[PDB]
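Below you'll find only one chain, the form deposited in one PDB entry, shown as structure tokens.
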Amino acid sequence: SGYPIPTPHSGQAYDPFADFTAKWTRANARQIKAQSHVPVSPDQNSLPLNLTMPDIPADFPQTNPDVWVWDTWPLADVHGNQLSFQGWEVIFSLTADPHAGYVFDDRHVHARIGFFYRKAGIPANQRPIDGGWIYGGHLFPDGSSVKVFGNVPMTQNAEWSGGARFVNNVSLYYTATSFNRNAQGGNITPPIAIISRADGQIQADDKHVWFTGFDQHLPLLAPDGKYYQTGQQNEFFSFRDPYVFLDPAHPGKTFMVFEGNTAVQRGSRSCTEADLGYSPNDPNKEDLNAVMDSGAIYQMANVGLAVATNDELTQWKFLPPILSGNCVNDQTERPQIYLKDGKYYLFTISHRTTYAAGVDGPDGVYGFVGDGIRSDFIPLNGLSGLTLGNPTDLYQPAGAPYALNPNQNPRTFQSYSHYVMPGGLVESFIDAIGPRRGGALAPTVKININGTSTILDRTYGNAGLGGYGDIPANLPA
């Protein structure tokens, strides 16, 4: 075997205030490829079937014909219960315009937060194929989001993901972004990313849902340069996707996970033996200098933690990160803390194309398990971290969603932004399927979480495929 021993992990809980960061190591990450098989043409899937998202039909419906929809989150509480209001289900999505001239892959800097609603508890025979979502439109008033950036030079602004907390009964945590780009789309000045809070009121009658408020935006967090990488340290830094939750182990407190980057100057040779995570005599180890020479120093993802410094939840303090992937992958996005069986699962999304040199894995969801919000997190499924990937041959090149390589599974980029719901249901959006780009919700799927491993449930729905955009409420608010 050419694949190394994975770095062991205890699941041990630390104090949330402790400077301890669990490492998603190269030796961990390399288990994905190790666990895989060389696909058997006509087979274009290397992944264990248990870790594969089933194939989404190319005839998928739009969520709305007039809107591009991608990152989505439900109406929820700090317990991650999904909430209906007066018999209505409510979701929030990043939205953009398909006919405004810009292509799907440049949608990001034009993103606005919209909402959709529909009646809860409708059976499949009465739900339309597109999930029956009614477009509510833009959640925030024009210009409310961009106020945070005062007078700075900018060539666009956008609203990026977070979460909705019913508590003005509704708090929308999200990422305000500002960009200053030239002709070629190079940064004149480093992008600005600020985790913000806007409060408003959901209202409904028998015929619709609507909101008021969200007029006054509260800036909460931007990178410090000590735990989380600033624009000045790295023009291509990431800082976004707040998930706000209560840890029952820590009442009187409210916490937040979010995507960050390790705070170093871009190009620093700052990876250690810890990030590689080999045993000394493992024949399949790697040399640190060899790894840093490959350019893996440009891949320095982390998941951060913050805690409310008041009851108002209007003031937040940074804690040390709870997970790094230094020299493994530059993106750990939309992190969430999922409570099951008295355990803590950290789920986070990542891209095949953001892996460091010498490491490889699919687009989809990665999971880690521990005894606390800050653990020596155990990477799920063979100490790999992969929970659920798009069907992918890791023995062939990635391609891109705008340029599909026909040596590669045409559904390698079929879904992204996997969000884990109560009972292990997973919602996501469709990126590329063959020539077609989605901007629409994927079929909901279901994973059975079983201690250190997970299984895609193929008895769920249509051989694992539930309804398009099936994001259901558990609880009335």
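Only residues modelled in both forms are compared. So that the term is clear: the rigid core is the largest set of C-alpha atoms that superpose within 1.5 Å between two forms. Residue numbers run from 1 along the displayed sequence.
The form deposited in another entry exists for this protein as well; it is not shown, and the discussion that follows is about that form.
In a fit on the core, which one among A124, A249, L288, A400 has a Cα that moves 2 Å or more between this form and the one not shown?
-> Meeting the 2 Å or more criterion is only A124.
Do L456 and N125 move together or apart in that other deposited form, judged by C-alpha distance changing 3 Å or more?
-> It is closer: in that other deposited form, the C-alpha atoms of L456 and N125 lie at least 3 Å nearer than they do here.
Taking the rigid core as reference, which runs of at least three consecutive residues show Cα movement of 2 Å or more between this form and the one not shown?
-> Runs moving 2 Å or more: 123-126, 280-284.
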